[PDB]
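Below you'll find the structure, written out as structure tokens, and then a few comments.
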Amino acid sequence: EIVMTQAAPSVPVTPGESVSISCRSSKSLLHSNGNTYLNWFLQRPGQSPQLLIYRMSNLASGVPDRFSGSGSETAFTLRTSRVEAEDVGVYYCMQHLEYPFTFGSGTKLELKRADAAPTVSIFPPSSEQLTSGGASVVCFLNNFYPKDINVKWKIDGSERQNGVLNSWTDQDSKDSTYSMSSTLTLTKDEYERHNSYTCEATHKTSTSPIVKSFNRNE
Amino acid sequence: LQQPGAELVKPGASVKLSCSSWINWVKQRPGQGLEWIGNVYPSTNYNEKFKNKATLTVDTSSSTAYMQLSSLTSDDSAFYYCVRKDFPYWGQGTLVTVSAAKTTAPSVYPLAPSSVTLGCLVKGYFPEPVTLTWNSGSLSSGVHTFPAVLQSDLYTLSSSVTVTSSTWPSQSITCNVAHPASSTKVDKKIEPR
Ligand SMILES: O=C(O)CCCC(=O)N[C@H](Cc1ccccc1)P(=O)(O)OCC(=O)NCCc1ccccc1
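Chains A and B, in that order, are what the protein sequence lines are.
Start counting the first sequence at 7; every next residue gets the next number (the numbering used here).
Start counting the second sequence at 13; every next residue gets the next number (the numbering used here).
Right, dumping it as structure tokens:
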């Protein structure tokens, strides 16, 4: 069958600049009828792939003029000009010349932006969760850059590592930043036996960590 | 193209997904690539790798295409989309989770404190996925929705929303959580603490 290859998992680009995504097939995608059966799709998290280019170089309707496609019989390129934040995502090329149809591995577009410190917010457990016996303390470290960041929980001064689950969002399509969520889970029993809860964000943008805390009594 | 949001199937069990054009089926593992399975024309075309595993049919009566997956395994857990080729129209897709665990609706807890950040905690649900929104979609700009994380057979997910501080609680904000597998959606209006 026909193998579609994309020799790049991701590509870096400064907003406003142009960039190219590449793709190659193991056989010529040029049909005798003069057409070249090659699609370019874009997929954003939690969404189905959206059509960008059909028949190798045809801009699909609804897609900004900033996108363009070109290629030979086996090499294809998708140019994103004057790149914007909303352009983050994974781009896939697909051949539909022959069954079985095959897709390339996809290349994720990553924006290189200015550093940004995280905006930290801490939330005590909700009364609804407490009535069920659990106590989750949640911290949001939003809109920071670069992606790498560290969080630290403390209870009455002691670092707590267990019952902690973190999750990072994908690159934000609005401001090109990243965010992370940290949740500390306890039982009400234990949650009611400690007073101060603290989360600490340690990011490159600063030496001393951003800290937020609250007192169950206050 | 209407497709169920999710299907929890016991391992070894089978399942039939529902959906002048060609209806194609595509598979995709969370965070992975795309594979073409085959298609039908309401003549069928199968991808050799999926022969048998998949069975493609169509009911002209109710006009719905079907793909039956047989004796599922973990390798089979993935989003399955049906896409109509006339600009191909991709479906919302069905996330099939092969597991012996039982479906468990989520607990949705509100999280309240020049801008202000409200949040929403979605705990203990299974299987994925959940569709979270704010004010039924009205708010998207200041939104951050963190990928669910699996911990002890249960998924947990959070989402934050930031708005001009003077507009909350005066201009109400509500968390909406859809859980296709359990067919339940929950709305939690965030109240001041
Ligand atoms: O055997 C052959 O000659 C070609 C078999 C494949 C085929 O017919 N593809 C068609 C294109 C074509 C037209 C004229 C000549 C050659 C190819 P086709 O792409 O219209 O096939 C119909 C079809 O079901 N296409 C699905 C495309 C698609 C599937 C899944 C996700 C995104 C896109």
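Ideal placement from N, C-alpha and C gives every residue a C-beta, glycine not left out.
Since residue i meets chain B, which of its residues come closer than 8 angstroms, beta carbon to beta carbon?
i	result
A:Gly139	Residues of chain B passing the Cβ test: none, with the nearest at roughly 11 angstroms.
A:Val144	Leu123, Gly131, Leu133 and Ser170
A:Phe82	Those within 8 angstroms of A:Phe82 in chain B number zero; the least Cβ separation is about 16 angstroms.
A:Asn148	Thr129, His156, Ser172 and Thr174
A:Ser187	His156, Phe158, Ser170 and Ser172
Report yes if the C-beta of residue i is less than 7 angstroms from at least one heavy atom of ligand 1; otherwise report no.
i	result
A:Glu104	yes
A:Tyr43	yes
A:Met62	no
A:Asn39	yes
B:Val38	yes
A:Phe129	no
A:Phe107	yes
A:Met186	no
A:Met10	no
B:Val95	yes
B:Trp48	yes
B:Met79	no
B:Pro192	no
B:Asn147	no
B:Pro54	no
Mind pulling the chain B residues with CB within less than 7 angstroms of residue i?
i	result
A:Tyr105	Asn57
A:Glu134	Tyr121
A:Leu171	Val161, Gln163 and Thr168
Identify, in the order they occur along the chain, each residue of the same chain with its Cβ nearer than 6 angstroms to the Cβ of residue i, setting aside the five sequence neighbours on each side.
i	result
A:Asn156	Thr208
residue 3 of chain B	Chain B is shown only over 13 to 205; residue 3 of chain B falls outside these bounds and no answer can be derived.
A:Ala14	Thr113
B:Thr69	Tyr78
B:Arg41	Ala90
Quick one: measure Cβ to Cβ for residue i and residue j, integer angstroms, because I've assumed they're closer than 8 angstroms.
i	j	result
B:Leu20	B:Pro139	5 angstroms
residue 231 of chain A	A:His102	Here chain A has residues from 7 to 224 only, and residue 231 of chain A is not among them.
A:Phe73	A:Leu58	5 angstroms
A:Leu65	A:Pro55	16 angstroms between Cβ atoms; not a contact.
A:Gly110	A:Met10	4 angstroms
A:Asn223	A:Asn201	6 angstroms
A:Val144	A:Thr189	5 angstroms
Under 7 angstroms Cβ-Cβ, which residues of chain A neighbour residue i?
i	result
B:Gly149	Near B:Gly149 there are no residues of chain A at all, since even the closest Cβ is about 13 angstroms away, more than 7 angstroms.
B:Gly45	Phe109, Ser111 and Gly112
Beta-carbon within less than 7 angstroms of residue i's beta-carbon, same chain only, minus the 5 sequence neighbours each way: which residues are those?
i	result
B:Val110	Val21, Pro23, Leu84, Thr85, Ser86, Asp88 and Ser89
A:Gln12	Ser28, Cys29, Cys99, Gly110, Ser111, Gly112 and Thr113
B:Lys39	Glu47, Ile49, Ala90 and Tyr92
Enumerate in chain order the residues of its own chain whose CB-to-CB distance from residue i is below 8 angstroms, with the five nearest sequence positions on each side excluded.
i	result
A:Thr83	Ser26, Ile27, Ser28, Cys29, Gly75, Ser76 and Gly77
B:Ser33	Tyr53, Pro54, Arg96, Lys97 and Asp98
B:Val27	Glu19, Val21, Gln80, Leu81, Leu84 and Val108
B:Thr116	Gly136, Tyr137, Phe138, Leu166 and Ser194
Using a Cβ cut-off of 8 angstroms, pull out every chain A residue sitting near residue i, in sequence order please.
i	result
B:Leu29	Those within 8 angstroms of B:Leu29 in chain A number zero; the least Cβ separation is about 15 angstroms.
B:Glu140	Near B:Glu140 there are no residues of chain A at all, since even the closest Cβ is about 11 angstroms away, more than 8 angstroms.
B:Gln104	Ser54
B:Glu19	By Cβ distance, chain A contributes nothing, its closest Cβ being about 17 angstroms from B:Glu19, past 8 angstroms.
Can we count residue i as close to ligand 2, meaning its CB is less than 7 angstroms from some heavy atom?
i	result
A:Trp159	This structure simply doesn't include ligand 2; it includes ligand 1 instead.
For a contact meaning CB atoms closer than 9 angstroms, what does residue i contact in chain B?
i	result
A:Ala66	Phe99
* **Members of the segment 151-165 of chain B near chain A, C-beta cut-off 8 angstroms** => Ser153, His156, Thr157, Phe158, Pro159, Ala160, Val161 and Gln163
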